[PDB]
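Single chain ahead, written as C-alpha coordinates, the form deposited in one PDB entry.
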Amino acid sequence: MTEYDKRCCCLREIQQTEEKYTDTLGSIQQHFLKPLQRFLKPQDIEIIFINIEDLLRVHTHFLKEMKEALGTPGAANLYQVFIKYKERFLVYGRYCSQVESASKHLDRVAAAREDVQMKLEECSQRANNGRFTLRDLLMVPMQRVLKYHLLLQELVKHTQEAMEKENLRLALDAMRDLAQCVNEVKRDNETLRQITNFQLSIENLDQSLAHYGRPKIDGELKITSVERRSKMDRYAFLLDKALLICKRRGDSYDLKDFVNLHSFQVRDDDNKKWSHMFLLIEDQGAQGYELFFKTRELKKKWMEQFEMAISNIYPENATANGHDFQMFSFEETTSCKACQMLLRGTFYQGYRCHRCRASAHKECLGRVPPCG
(Lines give C-alpha, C1' and ligand atoms only; values in the text may rest on other atoms or scores of the structure.)
Protein backbone atom coordinates (compact mmCIF):
# COMPACT_ATOMS: atom_id res chain seq x y z
CA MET A 1 0.00 0.00 0.00
CA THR A 2 1.51 3.32 -1.20
CA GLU A 3 0.49 6.71 0.10
CA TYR A 4 -1.09 6.94 -3.33
CA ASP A 5 -2.98 3.66 -2.70
CA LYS A 6 -3.97 4.94 0.74
CA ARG A 7 -5.06 8.24 -0.85
CA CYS A 8 -7.37 6.33 -3.14
CA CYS A 9 -8.79 4.15 -0.54
CA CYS A 10 -10.17 7.08 1.27
CA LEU A 11 -11.54 9.16 -1.52
CA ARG A 12 -13.62 5.94 -1.87
CA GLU A 13 -14.37 6.09 1.82
CA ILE A 14 -15.66 9.66 1.40
CA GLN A 15 -17.90 8.58 -1.47
CA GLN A 16 -19.31 5.34 0.06
CA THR A 17 -20.03 6.70 3.55
CA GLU A 18 -21.66 9.72 1.92
CA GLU A 19 -23.64 7.34 -0.29
CA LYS A 20 -24.63 5.39 2.79
CA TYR A 21 -25.52 8.68 4.53
CA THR A 22 -27.95 9.97 1.88
CA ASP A 23 -29.40 6.43 1.84
CA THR A 24 -30.16 6.61 5.62
CA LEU A 25 -31.69 10.05 5.23
CA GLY A 26 -33.82 8.70 2.33
CA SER A 27 -34.80 5.84 4.58
CA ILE A 28 -35.88 8.19 7.39
CA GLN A 29 -38.06 10.09 4.96
CA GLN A 30 -39.64 7.10 3.32
CA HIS A 31 -40.06 4.32 5.77
CA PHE A 32 -40.80 6.57 8.71
CA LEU A 33 -41.91 10.09 8.16
CA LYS A 34 -44.28 9.55 5.20
CA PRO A 35 -46.01 6.51 6.82
CA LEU A 36 -46.27 8.23 10.21
CA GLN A 37 -47.83 11.25 8.43
CA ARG A 38 -50.74 9.36 8.45
CA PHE A 39 -51.17 8.61 12.13
CA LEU A 40 -49.64 11.82 13.59
CA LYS A 41 -50.55 15.49 13.33
CA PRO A 42 -48.30 18.06 11.53
CA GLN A 43 -47.07 19.67 14.77
CA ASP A 44 -45.84 16.32 16.06
CA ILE A 45 -44.08 15.49 12.89
CA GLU A 46 -42.50 18.89 12.63
CA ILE A 47 -41.22 18.25 16.12
CA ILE A 48 -39.88 14.76 15.62
CA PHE A 49 -38.30 15.08 12.26
CA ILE A 50 -36.79 18.57 12.63
CA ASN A 51 -35.24 19.59 9.30
CA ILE A 52 -34.51 16.07 8.08
CA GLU A 53 -36.16 16.49 4.70
CA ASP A 54 -33.99 19.56 4.05
CA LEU A 55 -30.86 17.62 5.07
CA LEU A 56 -31.85 15.08 2.45
CA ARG A 57 -32.05 17.79 -0.25
CA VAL A 58 -28.78 19.39 0.78
CA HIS A 59 -26.87 16.11 0.75
CA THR A 60 -28.21 14.64 -2.51
CA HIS A 61 -27.09 17.80 -4.40
CA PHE A 62 -23.83 17.57 -2.50
CA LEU A 63 -23.40 13.88 -3.40
CA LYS A 64 -23.89 14.90 -7.06
CA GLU A 65 -21.23 17.62 -6.71
CA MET A 66 -18.87 15.22 -4.89
CA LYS A 67 -19.33 12.47 -7.51
CA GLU A 68 -18.65 14.75 -10.50
CA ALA A 69 -15.63 16.28 -8.76
CA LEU A 70 -14.05 13.00 -7.69
CA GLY A 71 -14.84 11.16 -10.95
CA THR A 72 -14.48 13.85 -13.63
CA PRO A 73 -11.30 15.67 -12.53
CA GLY A 74 -8.22 13.79 -11.36
CA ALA A 75 -9.88 14.45 -7.93
CA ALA A 76 -8.60 18.03 -8.02
CA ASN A 77 -11.73 20.14 -7.44
CA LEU A 78 -12.72 18.11 -4.31
CA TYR A 79 -11.77 20.79 -1.78
CA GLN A 80 -14.21 23.10 -3.52
CA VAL A 81 -17.37 20.98 -3.03
CA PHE A 82 -16.77 21.21 0.73
CA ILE A 83 -15.93 24.91 0.75
CA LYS A 84 -19.04 25.55 -1.37
CA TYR A 85 -21.40 23.77 1.03
CA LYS A 86 -20.07 25.00 4.42
CA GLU A 87 -22.71 27.68 5.00
CA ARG A 88 -25.58 25.66 3.66
CA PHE A 89 -24.45 23.13 6.37
CA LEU A 90 -25.25 25.53 9.30
CA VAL A 91 -28.71 23.96 9.17
CA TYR A 92 -27.05 21.25 11.29
CA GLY A 93 -26.94 23.92 13.94
CA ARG A 94 -30.63 23.71 14.36
CA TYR A 95 -30.74 19.90 13.97
CA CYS A 96 -28.30 19.36 16.83
CA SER A 97 -29.94 21.99 19.04
CA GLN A 98 -33.35 20.25 18.60
CA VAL A 99 -32.56 16.52 18.49
CA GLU A 100 -32.87 15.84 22.23
CA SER A 101 -36.35 17.17 22.29
CA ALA A 102 -37.17 15.40 19.12
CA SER A 103 -36.15 12.22 20.78
CA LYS A 104 -38.09 12.87 23.93
CA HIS A 105 -41.20 13.79 21.97
CA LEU A 106 -40.97 10.53 20.05
CA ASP A 107 -40.90 8.58 23.29
CA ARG A 108 -44.04 10.44 24.43
CA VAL A 109 -46.11 9.96 21.31
CA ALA A 110 -44.75 6.38 21.44
CA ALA A 111 -46.13 5.80 24.98
CA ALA A 112 -49.39 7.69 24.33
CA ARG A 113 -50.28 5.74 21.18
CA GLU A 114 -49.53 2.10 20.83
CA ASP A 115 -50.80 2.04 17.23
CA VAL A 116 -47.82 4.36 16.69
CA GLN A 117 -45.54 2.06 18.67
CA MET A 118 -46.60 -0.84 16.37
CA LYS A 119 -46.09 1.14 13.19
CA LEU A 120 -42.66 2.13 14.49
CA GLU A 121 -41.67 -1.56 14.76
CA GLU A 122 -43.22 -2.14 11.35
CA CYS A 123 -41.19 0.85 10.04
CA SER A 124 -37.75 -0.13 11.20
CA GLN A 125 -38.22 -3.71 9.92
CA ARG A 126 -39.22 -2.50 6.51
CA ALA A 127 -36.07 -0.32 6.66
CA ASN A 128 -33.18 -2.10 8.41
CA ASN A 129 -34.68 -5.45 9.41
CA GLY A 130 -35.27 -4.18 13.00
CA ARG A 131 -31.58 -3.37 13.59
CA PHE A 132 -32.08 0.39 14.29
CA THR A 133 -34.89 2.35 16.06
CA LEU A 134 -36.12 5.74 14.71
CA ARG A 135 -34.56 7.23 17.85
CA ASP A 136 -31.25 5.62 16.83
CA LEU A 137 -31.55 6.95 13.32
CA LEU A 138 -31.97 10.50 14.65
CA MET A 139 -28.49 10.66 16.17
CA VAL A 140 -26.95 9.81 12.74
CA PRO A 141 -26.70 13.27 11.19
CA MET A 142 -25.02 14.61 14.31
CA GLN A 143 -22.45 11.84 13.90
CA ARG A 144 -22.02 12.55 10.23
CA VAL A 145 -21.42 16.30 10.37
CA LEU A 146 -18.60 15.65 12.89
CA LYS A 147 -16.78 13.21 10.55
CA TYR A 148 -15.99 15.40 7.55
CA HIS A 149 -13.12 17.00 9.47
CA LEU A 150 -11.54 13.59 10.19
CA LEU A 151 -12.04 12.37 6.65
CA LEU A 152 -10.31 15.39 5.01
CA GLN A 153 -7.74 15.19 7.80
CA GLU A 154 -6.94 11.66 6.60
CA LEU A 155 -7.04 12.55 2.89
CA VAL A 156 -4.55 15.33 3.78
CA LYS A 157 -1.93 13.00 5.27
CA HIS A 158 -1.76 10.80 2.14
CA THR A 159 -1.94 13.73 -0.22
CA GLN A 160 0.72 14.05 -2.85
CA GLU A 161 1.28 17.69 -3.49
CA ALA A 162 1.76 21.03 -2.78
CA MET A 163 -1.24 22.79 -4.38
CA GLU A 164 -3.66 19.84 -4.01
CA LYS A 165 -2.94 19.64 -0.29
CA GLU A 166 -3.22 23.29 0.64
CA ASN A 167 -6.82 23.54 -0.51
CA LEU A 168 -7.63 20.24 1.08
CA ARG A 169 -6.18 21.85 4.25
CA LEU A 170 -8.44 24.81 3.53
CA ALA A 171 -11.38 22.39 3.15
CA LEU A 172 -10.47 20.88 6.50
CA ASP A 173 -10.64 24.34 8.15
CA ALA A 174 -14.00 24.95 6.62
CA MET A 175 -15.11 21.66 8.18
CA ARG A 176 -13.58 22.26 11.61
CA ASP A 177 -15.08 25.78 11.46
CA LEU A 178 -18.56 24.27 10.77
CA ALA A 179 -18.28 21.77 13.56
CA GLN A 180 -17.48 24.65 15.92
CA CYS A 181 -20.39 26.85 14.78
CA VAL A 182 -22.55 23.79 15.44
CA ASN A 183 -21.08 23.26 18.92
CA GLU A 184 -21.96 26.88 19.73
CA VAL A 185 -25.41 27.12 18.25
CA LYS A 186 -26.21 24.42 20.77
CA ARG A 187 -24.48 26.15 23.72
CA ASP A 188 -26.29 29.31 22.80
CA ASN A 189 -29.59 27.44 22.56
CA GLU A 190 -29.29 26.41 26.17
CA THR A 191 -27.70 29.64 27.39
CA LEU A 192 -30.89 31.20 26.00
CA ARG A 193 -32.84 28.45 27.80
CA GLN A 194 -31.29 29.63 31.06
CA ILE A 195 -31.99 33.35 30.31
CA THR A 196 -35.63 32.56 29.55
CA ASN A 197 -35.88 31.05 33.02
CA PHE A 198 -34.32 34.19 34.49
CA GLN A 199 -37.08 36.06 32.68
CA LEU A 200 -40.04 34.13 33.58
CA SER A 201 -39.32 34.07 37.24
CA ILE A 202 -39.33 36.87 37.73
CA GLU A 203 -39.79 40.36 36.74
CA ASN A 204 -40.50 43.95 37.52
CA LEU A 205 -38.69 43.64 34.22
CA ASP A 206 -39.24 45.66 31.08
CA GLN A 207 -36.76 44.34 28.54
CA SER A 208 -35.78 40.93 27.39
CA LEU A 209 -32.75 39.90 29.46
CA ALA A 210 -31.18 38.72 26.21
CA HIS A 211 -30.22 42.33 25.50
CA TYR A 212 -27.57 42.26 28.30
CA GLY A 213 -25.67 39.23 27.00
CA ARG A 214 -24.80 35.99 28.77
CA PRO A 215 -25.28 35.13 32.46
CA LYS A 216 -22.12 35.05 34.52
CA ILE A 217 -23.21 34.30 38.09
CA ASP A 218 -26.21 34.85 40.29
CA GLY A 219 -26.91 34.48 43.96
CA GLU A 220 -27.61 36.12 47.26
CA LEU A 221 -25.69 39.10 48.60
CA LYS A 222 -26.17 42.09 50.78
CA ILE A 223 -25.70 45.48 49.27
CA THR A 224 -25.36 49.16 50.02
CA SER A 225 -25.75 52.25 47.85
CA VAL A 226 -25.27 56.01 48.26
CA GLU A 227 -28.95 56.43 48.62
CA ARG A 228 -29.15 53.55 50.98
CA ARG A 229 -26.39 52.85 52.92
CA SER A 230 -27.27 50.14 55.49
CA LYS A 231 -26.98 46.50 54.43
CA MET A 232 -29.88 45.16 52.43
CA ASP A 233 -30.27 41.44 51.71
CA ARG A 234 -30.68 40.97 47.98
CA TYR A 235 -30.45 38.49 45.11
CA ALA A 236 -28.35 39.54 42.11
CA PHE A 237 -27.99 38.35 38.52
CA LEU A 238 -24.77 39.27 36.73
CA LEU A 239 -24.95 39.34 32.92
CA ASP A 240 -22.27 40.82 30.57
CA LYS A 241 -23.92 44.27 30.40
CA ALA A 242 -25.90 44.47 33.64
CA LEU A 243 -26.30 43.58 37.31
CA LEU A 244 -29.94 43.00 38.25
CA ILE A 245 -30.53 43.68 41.95
CA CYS A 246 -33.59 41.87 43.15
CA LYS A 247 -35.74 41.18 46.16
CA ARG A 248 -35.80 37.84 46.71
CA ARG A 249 -38.48 35.63 48.13
CA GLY A 250 -40.02 32.43 46.75
CA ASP A 251 -39.62 31.69 43.07
CA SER A 252 -40.60 35.32 42.55
CA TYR A 253 -37.79 37.84 42.16
CA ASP A 254 -38.67 41.54 42.21
CA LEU A 255 -36.39 43.83 40.23
CA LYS A 256 -35.45 46.65 42.51
CA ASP A 257 -32.30 48.09 40.88
CA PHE A 258 -30.76 47.78 37.42
CA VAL A 259 -27.08 48.61 36.99
CA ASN A 260 -25.53 49.27 33.61
CA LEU A 261 -22.02 47.79 33.55
CA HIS A 262 -20.89 50.19 30.76
CA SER A 263 -20.64 53.01 33.28
CA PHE A 264 -19.24 51.17 36.31
CA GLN A 265 -15.90 50.04 37.55
CA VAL A 266 -14.86 47.54 40.21
CA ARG A 267 -12.58 48.70 43.07
CA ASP A 268 -11.75 46.42 46.03
CA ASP A 269 -11.55 46.50 49.85
CA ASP A 270 -12.28 40.29 59.20
CA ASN A 271 -12.92 36.68 58.05
CA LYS A 272 -16.08 37.17 60.08
CA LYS A 273 -18.81 36.32 57.54
CA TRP A 274 -20.38 39.03 55.33
CA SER A 275 -17.23 41.16 55.93
CA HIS A 276 -16.01 40.61 52.36
CA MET A 277 -16.65 43.44 50.00
CA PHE A 278 -15.75 45.30 46.91
CA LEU A 279 -17.25 48.33 45.28
CA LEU A 280 -18.90 49.16 41.98
CA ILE A 281 -18.36 52.83 41.21
CA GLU A 282 -19.77 55.13 38.58
CA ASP A 283 -17.23 57.01 36.52
CA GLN A 284 -18.99 60.14 35.50
CA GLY A 285 -20.91 60.49 38.58
CA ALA A 286 -22.05 59.65 41.85
CA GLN A 287 -23.75 56.30 42.17
CA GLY A 288 -21.74 53.62 43.92
CA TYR A 289 -22.41 50.28 45.60
CA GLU A 290 -20.71 48.12 48.16
CA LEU A 291 -21.26 44.40 47.49
CA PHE A 292 -20.90 42.16 50.53
CA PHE A 293 -20.42 38.45 50.39
CA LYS A 294 -20.76 35.71 53.00
CA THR A 295 -17.29 34.35 52.24
CA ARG A 296 -13.91 35.18 50.77
CA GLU A 297 -14.41 32.44 48.13
CA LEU A 298 -17.68 34.15 47.17
CA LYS A 299 -15.89 37.56 46.91
CA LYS A 300 -13.67 36.23 44.69
CA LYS A 301 -15.77 34.27 42.26
CA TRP A 302 -17.94 37.42 41.80
CA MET A 303 -14.98 39.76 41.07
CA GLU A 304 -13.65 37.39 38.38
CA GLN A 305 -17.12 37.30 36.82
CA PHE A 306 -17.31 41.14 37.00
CA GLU A 307 -13.94 41.31 35.35
CA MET A 308 -15.01 38.90 32.64
CA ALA A 309 -18.22 40.93 32.02
CA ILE A 310 -16.34 44.24 31.66
CA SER A 311 -13.63 42.65 29.59
CA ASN A 312 -16.46 41.57 27.24
CA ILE A 313 -17.89 45.09 27.17
CA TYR A 314 -14.46 46.61 26.80
CA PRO A 315 -12.01 44.09 25.28
CA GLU A 316 -8.32 44.40 24.40
CA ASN A 317 -8.07 46.22 21.02
CA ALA A 318 -11.70 47.45 20.94
CA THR A 319 -10.11 50.60 19.58
CA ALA A 320 -7.22 49.31 17.55
CA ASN A 321 -6.41 50.60 14.14
CA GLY A 322 -9.26 53.16 14.10
CA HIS A 323 -12.27 50.95 14.84
CA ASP A 324 -14.84 51.31 17.70
CA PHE A 325 -15.87 47.71 18.38
CA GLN A 326 -19.09 46.84 20.30
CA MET A 327 -20.47 43.57 21.64
CA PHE A 328 -22.90 42.52 18.90
CA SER A 329 -25.52 39.91 18.08
CA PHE A 330 -25.36 38.97 14.46
CA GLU A 331 -28.66 37.70 13.05
CA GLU A 332 -27.32 36.72 9.63
CA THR A 333 -24.48 34.37 8.78
CA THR A 334 -21.27 36.34 9.41
CA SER A 335 -17.46 35.94 9.18
CA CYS A 336 -14.48 37.62 10.87
CA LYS A 337 -12.82 40.40 8.85
CA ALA A 338 -9.35 39.40 10.18
CA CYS A 339 -9.32 35.57 10.25
CA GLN A 340 -12.25 34.88 7.93
CA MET A 341 -13.63 31.93 9.82
CA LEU A 342 -17.24 32.31 11.03
CA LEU A 343 -18.54 34.12 14.02
CA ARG A 344 -19.99 31.19 15.87
CA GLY A 345 -23.47 30.83 17.39
CA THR A 346 -26.79 32.64 17.36
CA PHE A 347 -26.23 35.13 20.17
CA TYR A 348 -23.51 37.78 20.78
CA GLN A 349 -20.99 35.95 18.70
CA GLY A 350 -18.50 38.82 18.64
CA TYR A 351 -18.00 42.43 17.75
CA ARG A 352 -19.09 45.10 15.35
CA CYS A 353 -17.38 48.38 14.59
CA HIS A 354 -19.74 51.26 15.24
CA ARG A 355 -18.01 53.12 12.33
CA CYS A 356 -17.12 50.43 9.68
CA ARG A 357 -19.78 47.92 10.56
CA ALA A 358 -16.97 45.31 10.44
CA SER A 359 -17.35 41.99 12.21
CA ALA A 360 -14.83 40.16 14.33
CA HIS A 361 -14.15 37.58 17.05
CA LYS A 362 -13.04 38.95 20.49
CA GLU A 363 -9.57 37.49 19.87
CA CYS A 364 -9.23 39.02 16.37
CA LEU A 365 -9.84 42.78 17.05
CA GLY A 366 -6.27 44.06 16.87
CA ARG A 367 -5.88 42.18 13.60
CA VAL A 368 -8.72 43.79 11.66
CA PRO A 369 -7.66 46.01 8.74
CA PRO A 370 -8.11 49.68 9.59
CA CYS A 371 -11.50 51.39 8.92
CA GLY A 372 -12.81 54.47 7.08
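Numbers follow the displayed sequence, beginning with 1.
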| request: Using none, 1 to 3, 4 to 9 or 10 or more, say how many deposited residues go missing between residue 283 and residue 284. | output: none
| request: Would you mind comparing 241 to 249 and 160 to 168 for me and telling me which has the higher average C-alpha temperature factor in the entry? | output: 160 to 168
| task | Compare the mean C-alpha B-factor of 52 to 60 with that of 309 to 317 as given in the PDB entry, and name the stretch with the higher value. | result | 52 to 60
| note | Max C-alpha B-factor within the set 224, 80, 201, 183 falls on 80
| field | Residue with highest C-alpha B-factor in the PDB entry, from 219, 215, 93, 74 | value | 74
| field | Chain-wide C-alpha B factor ranking for residue 132, given as lowest, middle or highest third | value | middle
| Lowest, middle or highest third: where is residue 111 by Cα B-factor in its chain? | middle
| query | Can you tell me which third, lowest, middle or highest, the CA B-factor of residue 265 falls into for its chain? | reply | middle
| task | Can you work out whether the C-alpha temperature factor of residue 17 puts it in the lowest, middle or highest third of the chain? | result | middle
| task | Grab the CA temperature factor for residue 304 from the record and place it in the lowest, middle or highest third of its chain. | result | lowest
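Separately, the form deposited in another entry exists; it is not shown, and the next lines address it.
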| request: With the chain described as two rigid parts moving between the shown form and the other one, tell me whether residue 173 and residue 9 end up together. | output: yes
